[PDB]
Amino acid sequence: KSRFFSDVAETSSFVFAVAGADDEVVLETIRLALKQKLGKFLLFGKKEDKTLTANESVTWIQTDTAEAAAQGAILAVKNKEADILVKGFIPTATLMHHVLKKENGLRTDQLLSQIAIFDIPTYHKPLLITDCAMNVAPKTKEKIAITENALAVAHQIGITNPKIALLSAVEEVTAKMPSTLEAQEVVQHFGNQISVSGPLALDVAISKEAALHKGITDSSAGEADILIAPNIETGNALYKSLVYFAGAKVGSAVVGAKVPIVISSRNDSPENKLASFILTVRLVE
């Protein structure tokens, strides 16, 4: 069993810029990160936690509003003072409008997408799933971009020759299920350059024996490294089914910009939120 989040503790001198460093839902992860020297922090927030900031690896910047906290963190990224951007205790939209303004140095021509990496007890290696939380109803062009982002992440974190599976509910291509047509078009686009399969139901992507019993013997069968979800509801449900029912550990980040961005859910566990920080450190290095 190969695991992404292993017993070898991650540590770095990369700087996280935290937009809205307030509330324990935000600070709890920063505290855990500091225990293992995971990185350094620029905390833009309204009410300084003096015990937290008494750390050489922490700098506090007083910001009175959500907008000010977002602007501060974004300019730290623009100025190359920060390596990773973290959304704190502010609305996502407040941070995102700054992220998408090209002058701030984060956005390129590339689509942004969410991606997550899972250590699932009952799977034999790490599994990347995208997009579980950002792109709502991607069609062919967007799914191509989502796959490009996943390929880039795969190389950055050391997964060589990743096997990619475009998920659907069936393998037969039919106009009656347009996600199958889109899947086929993504395969047609990459087909000749990398290992991409689909449309595949989940069983075929992650169980070699399930694939055999469907008459599929492709060497990629049951060995997916990356699943590309057909729509956000599927990605989100798959993500959460792994966390709540399969006991998976998971880190997630928004990718496609010049720096990784962390946007955690309100109810993510401390452990999974730390996993997200660890993923982003591995995406910079």
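In this text, residue numbers run from 1 along the sequence as written.
Of the two segments examined, 99 to 107 and 80 to 88, it is 99 to 107 that shows the higher average Cα temperature factor in the deposited entry. Comparing 258 to 266 with 13 to 21, the stretch with the higher mean C-alpha B-factor in the PDB entry is 258 to 266.
Residue-level inspection of the entry shows that, of 56, 233, 28, 225, 28 has the top Cα B-factor. You'll see in the entry that, of 68, 221, 229, 253, the Cα B factor peaks at 221.
In this PDB entry, residue 176 carries a Cα temperature factor that places it within the highest third of its chain's modelled residues. In this PDB entry, the Cα temperature factor of residue 143 sits in the bottom third of its chain's modelled residues, the lowest group. Looking at the C-alpha B-factors along this chain, the one for residue 43 belongs to the lowest third. Ranked against the other modelled residues of its chain, the C-alpha B-factor of residue 158 as given in the entry falls in the highest third. Ranked by C-alpha B-factor against the other modelled residues of its chain, residue 217 falls in the highest third.
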